[PDB]
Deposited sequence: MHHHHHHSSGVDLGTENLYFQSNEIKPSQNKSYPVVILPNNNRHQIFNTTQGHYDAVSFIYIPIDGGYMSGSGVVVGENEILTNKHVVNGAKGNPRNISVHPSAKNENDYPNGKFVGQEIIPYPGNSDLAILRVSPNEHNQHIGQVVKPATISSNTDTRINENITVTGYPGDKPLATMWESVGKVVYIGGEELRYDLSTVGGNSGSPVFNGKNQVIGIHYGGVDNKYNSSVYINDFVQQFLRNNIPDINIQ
């Protein structure tokens, strides 16, 4: 069961990011900082901006609706994964202090996924839409399926949430659905390397 995170800027939680996109309302979602100016999230999240990346606000380490400890970063370029998975890179502008999103937080470590196997314990950490706005929540779960670019795990996760292994490395990006995530396999990794030259794959 889910537990709220309160020290959102400490340890591996600081790269977990809250996404806000206005529309007669708003869509929210989750993502994870992975590069100097880059986060990962879903295609169906960035699609909410209707082609206009500056409609997307990204709040790394957001703690609640009135506590954005790292401010916000506005989207600059949407880079969707060419393959048929719910993955996109969002490139964000520097903030109103000309700091870079990869400088105010530590970019997450991506897992090579050489050791990832079913029955492994994982966590999914992000901003569930059934909780107060921009509150970070971590759920514990178990990998139950790995195939191609699909990784399923064993309640629900918020669109774009990073999936972490026991080493606090990102093994996948939750996209919906058991729960489904985008498995960061070799093809996904090369996509990341092609676009995020400082990507940290361990």
Quiz item: So which bits of the deposited sequence did not make it into the model?
Solution: 1 to 41, 65, 197 to 199, 223 to 226
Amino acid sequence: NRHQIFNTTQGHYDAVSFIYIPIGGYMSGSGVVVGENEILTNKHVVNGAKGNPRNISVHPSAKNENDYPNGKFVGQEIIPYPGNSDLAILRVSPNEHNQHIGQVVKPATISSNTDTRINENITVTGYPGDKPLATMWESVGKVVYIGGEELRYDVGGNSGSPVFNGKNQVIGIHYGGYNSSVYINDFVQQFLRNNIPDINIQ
From here on, numbers count along this sequence of modelled residues.
Quiz prompt | Residue range whose averaged C-alpha B-factor is higher in the record, 143 to 151 or 42 to 50 | solution = 143 to 151
Exercise. Read off the CA B-factors in the entry, average them over 122 to 130 and over 94 to 102, and name the higher stretch.
Key: 94 to 102
Practice problem: By the entry's C-alpha temperature factors, tell me which of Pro162, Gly177, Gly29, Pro60 sits highest. | Solution: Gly177
Self-check item: B-factor third for the C-alpha atom of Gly75 within its chain
Solution: highest
Exercise. Determine, from the deposited record, the chain-internal third of the Cα B-factor for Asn55: lowest, middle or highest.
Key: highest
Quiz item: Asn84's Cα B-factor: lowest, middle or highest third of the chain?
Solution: lowest
Exercise. Just say lowest, middle or highest third for the CA B-factor of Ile184 relative to the other modelled residues in its chain.
Key: lowest
Quiz prompt | Cα B factor band for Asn66 (lowest, middle or highest third within the chain) | solution = highest
